[PDB]
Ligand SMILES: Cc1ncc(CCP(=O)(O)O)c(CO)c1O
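Only one chain is shown below, in structure tokens, and it's the form solved without the named molecule.
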């Protein structure tokens, strides 16, 4: 029964000591734009040497795994493997691969090159690619910098066919840019498409539990022995509760302690973290 307690001292040593793994959200937790959270790279190294699994979850779709791995290495996060990285783009690609199996058809993507790349790596054919004309069997909505009313209308035409799937990477209100600014996230486009088409999308990214299924397909992950660390209550903490994980709010990102406390006293227990730290650097003393 959470809680929102301060994670340090004996509590920290116990909670971290029993943990077999830690799942980290990235933006607002490891970094903000190109500003790394002080102590973040060292924590990850200490966790690995402590024998604990470290996995990474993000609703950012700008980078496919290879490029995402290269980013981690640039900001000073060494010794990570691509297999530890779980983006909403990766999980959407794997969902679509399964649903479009039994080999037919193509995916119409509202989104960028990183998303397209992950889909191609899952062996999916895309509607915008050459040798065109295949039937569109799914529309995938992701963060789309080049969105236009022309492509919305195109997407809705494909969705006239009830058999055409509608999938969204996530419903985040905001997408963080490298320069510290932000712009509306997939949430706005998803609702636009859902409203225009009169449909409800299959959402794969957190707080959807499907992201967790994606993870547990590749890794042995006991949710009762795993910490979920994030900076947004409505996405990361909710995700943790839905998956049965211990949740930790870090304060270096979007959500504030006051917000955490407002949900508590308002009875929204799924939006209240079990614990909080000022930054993930504070977890290092538990090791």
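Residue numbers count along the first chain shown, from 1.
Another form, the form deposited with the named molecule bound, is not on view; read the next lines as being about it.
A.B. asks: Out of 248, 57, 40, 233, which one falls within 4.5 Å of the named molecule in the entry with it bound, going by heavy atoms?
C.D. replies: None of the other options qualify; the answer is 57.
A.B. asks: Ok, 44, 64, 26, 227: which has a heavy atom sitting within 4.5 Å of the named molecule in the entry with it bound?
C.D. replies: Checking each option against the named molecule in the entry with it bound, the one that comes within 4.5 Å is 26.
A.B. asks: Residues in which of 195-203, 151-159, 172-180, 125-133 have heavy atoms within 4.5 Å of the named molecule in the entry with it bound?
C.D. replies: Correct option: 172-180.
A.B. asks: Taking the shortest heavy atom distance, is residue 212 within 4.5 Å of the named molecule in the entry with it bound?
C.D. replies: Contact with the named molecule, no.
A.B. asks: Judged by heavy atom distances of 4.5 Å or less, which residues of 135-158 approach the named molecule in the entry with it bound?
C.D. replies: Stretch hits: a single one, 143.
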